[PDB]
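S.K.:
Number of protein chains: 2
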Amino acid sequence: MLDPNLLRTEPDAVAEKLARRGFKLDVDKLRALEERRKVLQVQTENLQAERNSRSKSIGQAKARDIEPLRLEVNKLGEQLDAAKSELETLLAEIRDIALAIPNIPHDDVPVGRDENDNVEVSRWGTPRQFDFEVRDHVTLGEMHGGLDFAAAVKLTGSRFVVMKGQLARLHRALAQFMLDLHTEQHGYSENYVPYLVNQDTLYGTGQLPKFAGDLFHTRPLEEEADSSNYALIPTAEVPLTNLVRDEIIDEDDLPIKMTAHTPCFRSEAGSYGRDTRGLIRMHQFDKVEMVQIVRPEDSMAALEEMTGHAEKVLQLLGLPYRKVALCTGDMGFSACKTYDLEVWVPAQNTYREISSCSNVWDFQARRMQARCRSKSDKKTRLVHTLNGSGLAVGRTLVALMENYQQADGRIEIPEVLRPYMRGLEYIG
Amino acid sequence: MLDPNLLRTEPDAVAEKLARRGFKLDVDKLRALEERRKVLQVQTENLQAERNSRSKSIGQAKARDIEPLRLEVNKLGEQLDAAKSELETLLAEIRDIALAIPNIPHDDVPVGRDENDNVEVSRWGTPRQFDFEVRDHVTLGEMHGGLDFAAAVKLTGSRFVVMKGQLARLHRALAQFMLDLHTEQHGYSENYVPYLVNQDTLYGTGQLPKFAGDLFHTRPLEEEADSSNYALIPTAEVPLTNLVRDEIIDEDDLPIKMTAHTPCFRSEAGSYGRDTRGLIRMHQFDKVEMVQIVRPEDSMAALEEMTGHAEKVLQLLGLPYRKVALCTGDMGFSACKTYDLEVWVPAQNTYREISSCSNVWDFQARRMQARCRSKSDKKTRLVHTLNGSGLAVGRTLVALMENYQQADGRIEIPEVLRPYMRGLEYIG
Ligand SMILES: Nc1ccn([C@@H]2O[C@H](COS(=O)(=O)NC(=O)[C@@H](N)CO)[C@@H](O)[C@H]2O)c(=O)n1
Ligand SMILES: Nc1ccn([C@@H]2O[C@H](COS(=O)(=O)NC(=O)[C@@H](N)CO)[C@@H](O)[C@H]2O)c(=O)n1
Ligand SMILES: [Ca+2]
Ligand SMILES: [Ca+2]
Ligand SMILES: [Ca+2]
Ligand SMILES: [Ca+2]
Ligand SMILES: [Ca+2]
Ligand SMILES: [Ca+2]
Ligand SMILES: [Cl-]
Ligand SMILES: [Cl-]
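Protein chains in written order, with the working numbering: chain A, 1 to 428; chain B, 1001 to 1428.
#1: So, with DSSP's three-state summary, where would you put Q1406/B?
#2: Tell me the start and end of each unbroken alpha helix (DSSP H) in the stretch 1043–1085 of chain B that is at least 4 residues and wholly inside, in chain order.
#3: Can you pull the chain B residues whose beta carbon is under 9 Å from the beta carbon of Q284/A, in chain order?
#4: Chain B partners of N191/A, CB-CB under 9 Å?
#5: Taking the alpha-carbon positions, what's the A1098/B to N191/A distance?
#6: Straight-line CA distance for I101/A to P1194/B?
#7: How is the beta strand (DSSP E) around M1258/B delimited, first residue to last?
#8: Have a look at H217/A, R219/A, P296/A and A225/A and flag the residue whose alpha-carbon is nearest the alpha-carbon of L386/A.
#9: Listed in chain order, which residues are found with a beta carbon closer than 6 Å to a heavy atom of ligand 1?
#10: Between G1390/B and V1288/B, is the Cβ-Cβ spacing less than 8 Å?
#11: Identify every residue that forms a DSSP beta bridge with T385/A.
#12: Which residue comes first and which comes last in the alpha helix (DSSP H) that contains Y1203/B?
#13: Check whether the Cβ of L326/A lies closer than 7 Å to any heavy atom of ligand 4, and answer yes or no.
#14: Check each residue of the stretch 215–231 of chain A: if its Cβ is closer than 8 Å to any Cβ of chain B, include it; give the result in chain order.
#15: Taking contact to mean at least 3 C-beta pairs separated by less than 8 Å, is the stretch 359–375 of chain A in contact with the stretch 239–257 of chain A?
#16: Beta-carbon of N1242/B versus every beta-carbon of chain A: anything under 8 Å?
#17: Of the residues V42/A, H384/A and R274/A, which one's Cα is nearest the Cα of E251/A?
#18: To the nearest whole angstrom, what separates the beta carbons of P1419/B and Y1404/B, a pair I think is in contact under 8 Å?
#19: Nearest-angstrom Cα distance between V27/A and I94/A?
#20: For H1171/B, go through chain A and note every residue whose CB falls closer than 8 Å to its CB, in chain order.
#21: Is it buried or exposed, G1213/B, if we count other Cβ atoms within 10 angstroms and call 16 or more buried?
#22: Strictly below 7 Å CB to CB, what residues from chain A border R1245/B?
#23: Can you list the residues of chain A that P1320/B reaches, using a CB-CB cut of under 8 Å?
#24: Ignoring anything shorter than 4 residues or poking outside the stretch 1088–1173 of chain B, list the alpha helix (DSSP H) runs there in chain order.
#25: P4/A: beta carbon under 7 Å from a heavy atom of ligand 9?
#26: Please report the straight-line C-alpha distance between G1022/B and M1331/B, rounded to a whole angstrom.
#27: Give a single yes or no on whether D298/A has its beta carbon closer than 7 Å to a heavy atom of ligand 3.
#28: Short of 7 Å Cβ to Cβ, which residues in the stretch 259–285 of chain A face chain B?
#29: Run down chain E in chain order and give the residues with a C-beta less than 7 Å from the C-beta of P1239/B.
#30: Less than 8 Å between the beta carbons of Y321/A and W124/A, yes or no?
#31: Whole angstroms is fine: what's the gap from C336/A's alpha carbon to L314/A's?
#32: Just to confirm, is the Cβ distance from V1324/B to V1119/B under 8 Å?
#33: Got a sec: which bits of the stretch 347–369 of chain A sit with their beta carbon under 9 Å from any beta carbon on chain B, in order along the chain?
#34: What does the Cβ neighbour count give for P1004/B, buried or exposed, with the cut at 16 atoms within 10 Å?
#35: Which residues of chain B have a Cβ atom closer than 7 Å to the Cβ of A100/A, listed in chain order?
#36: Which residues in the same chain as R373/A place their Cβ atom closer than 8 Å to its Cβ, once the five residues preceding and following it in sequence are excluded?
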């Protein structure tokens, strides 16, 4: 959610900044609804005042015939409920527009239409030169009997996986290594979160109202008929960021740095023919998430720090990667500034996204009413929120398998992971 | 699913054994539907034969006027489709009855009506005597700021938890210790499984058709309209056991021993006023599951072995417990024989279920068509399946917190978990 006063005082400058993202703000429709809202607001508040007044005149005469007055208060109450219902419907239309507006991109963000306009910032490591034909992670998984896509189709359907034996153990070692790195070295606190969330949570982080189709939704429970319209989380960012919803945080307690390892559920709509083979684009994937709740003046420095925390995972694992600054046209809905990390994938002969690190500014904080204050201060202000993958675990397994494969299909275990695998040097 | 030939040749002896579970088999309704099914089966197969014959008479005359014959084959095809549809509806009614029949209890199982008729087999450890008033895990969680139920209500709703900091780290250490114990010492292979499963999987392990209300169900995806009616898994037993669905296993490859650590999703219907406070009965909980696929003659020995594997977790953790043999009236739907482990819970002054270990016999194997064969053999036979908690992780955290609490609220870390907590001796 954008600042409502910024839409009222600078609509053309807001519309111009959003135009860089390829978003067309309908200023005229929004202005026409808002002018009508003011007329109905005055009409309704006048009806509210007169009903409150005639209700007080009844209480006076009751202790001092209240029949001609009771009929008047009943008629006024009928008219008021009707006026309030009409105003509430108009407010819902204004909200449908306002809550579908993406975040204003920061001036640091390069202007572009899509992913082809993204800017490479840095590059780390040298992609390995192989003395044999490169096998992809799918072929390697079949050789070990450790990645079974057909069993997952039998259990569930397409875009799911079953991992078995040492490759499932390795997937676990990766998530353990990531959590330990962020909690022991990077100052993040560990969290266990619900994997099902409510509508308030989804509005809070921006999945609602615009991206319901990106999610798996659960049918309400019989004994919780009106309070169990849940969705499976697409990322730990959703429950972690909402932990500060409706809170006033003492500024001395900031930054609040949180991490979680969770499965992530995504419908992956519009991905027809894209990443059809392998672990890259599943409906269910594990991810170690980093979330930071910071003071408004520290968010740009926090983004650099969090991106470096995700880079550290790739460096310790010895996985070559490139760091990309996303352009205006390739950023996610909530982001004002994003860096993507793209890992070398030998079988694809390219770099593939493994992390996305964003500064959300006060966009989610506004929706959630997540505030901070110094003890002295006469007013609070909205916090800034940040989120970054550290990392998507299935995609890390793909990069590890392909980059560390031996001529006979054996997988060398990266040195940093050997303590997490009882010192094991190779799988196979 | 029971053996259809056992229902045909010994219905009264089957009905008698099921009566011990408090299940009343409607022999008369089942016999009346089956006598009608035979009449329709003969009628339909006669129509099938005559249509196949007149279709062959067309192909003869076509290569040798096919108009009076085409009209006959069309009319026969109309009558056949109608007869097949009528027979298929009757088959669906017979299946609704057959698939709602629970497993025949083994002769080892004591007869009883409910949990009060269960038999204590053994007891291990001495419940600690405290020099202070015992705090429950909820009070201890609030003292550490590590178990937050109000944040989970805000994110989702009731019967969910948010764990923060060292208590979330400890919950993770428990699951890691369990997986390592079963994979390194107990001969289980590790698996990563889907947490969403299809209708075939749910029928396979017995959740369908009778217990759809025990589950969270997802609405189908727009791009997978007819193939995505999924449910969240209530236990890793559901995807793991279904890995052998429609398979013929070489008997030399048995036993197949599988383990997985997953969240578990349960509607917890009918639990009004029961375990309202704390982690004991959540909609989402982590569990380390053990599943064994064995030869029919080894299932009773496998049950003893698997129960001992779950007991070992409690013993190494120094948690006092009792082992209970469940009576006929307290067993789950698929089980023919069950042992429950019940851990000492100091604040409740009783033992609480932490594991349930079952021999399912060939009940799920029949539904799944999970078979085995020796290379020589002219026929296959159904395998036996077993499942046991090793253990429910949230309930282990409850037992650990309450049993290891210090006078000031600090939690002593059990010696076996200290290597999983970087040698940390106490939380707080
Ligand atoms: N089906 C899929 C979809 C995505 N991913 C991987 O999740 C990462 C974060 O996703 S995000 O959508 O780019 N941002 C987020 O979710 C933020 N909370 C930061 O993590 C991607 O960078 C990609 O590497 C995957 O592994 N499988
Ligand atoms: N809401 C809940 C419900 C149950 N449990 C814990 O799951 C264990 C296994 O569940 S079972 O239903 O008894 N059998 C099974 O699921 C088998 N697959 C073997 O694991 C119980 O013994 C209890 O300790 C919990 O922690 N929270
Ligand atoms: Ca501080
Ligand atoms: Ca992106
Ligand atoms: Ca974002
Ligand atoms: Ca063997
Ligand atoms: Ca039970
Ligand atoms: Ca069972
Ligand atoms: Cl406003
Ligand atoms: Cl049959």
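Here a beta-carbon is modelled for each residue, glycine too, at the ideal position from N, C-alpha and C.
M.R.: Taking the structure as given:
#1: coil
#2: none
#3: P1194, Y1195 and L1196
#4: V1162, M1163, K1164, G1165 and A1168
#5: 45 Å
#6: 35 Å
#7: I1256 to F1265
#8: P296/A
#9: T235/A, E237/A, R266/A, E268/A, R281/A, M282/A, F285/A, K287/A, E289/A, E353/A, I354/A, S355/A, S356/A, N387/A, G388/A, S389/A, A392/A, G394/A and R395/A
#10: yes
#11: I293/A and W361/A
#12: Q1199 to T1205
#13: yes
#14: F216, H217, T218, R219, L221, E222, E223, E224, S227, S228 and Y230
#15: yes
#16: yes
#17: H384/A
#18: The pair is not a contact, with the Cβ atoms about 16 Å apart (cut-off 8 Å).
#19: 11 Å
#20: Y192
#21: exposed
#22: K154
#23: Those within 8 Å of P1320/B in chain A number zero; the least Cβ separation is about 26 Å.
#24: 1137–1144 and 1149–1155
#25: yes
#26: 11 Å
#27: no
#28: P263, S267, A269 and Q284
#29: Of the protein chains in the structure, A and B, none is chain E.
#30: yes
#31: 25 Å
#32: yes
#33: none
#34: exposed
#35: Per Cβ cutoff of 7 Å: no residues; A100/A is ~19 Å from chain B at best.
#36: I248, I249, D250, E251, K379, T380 and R381
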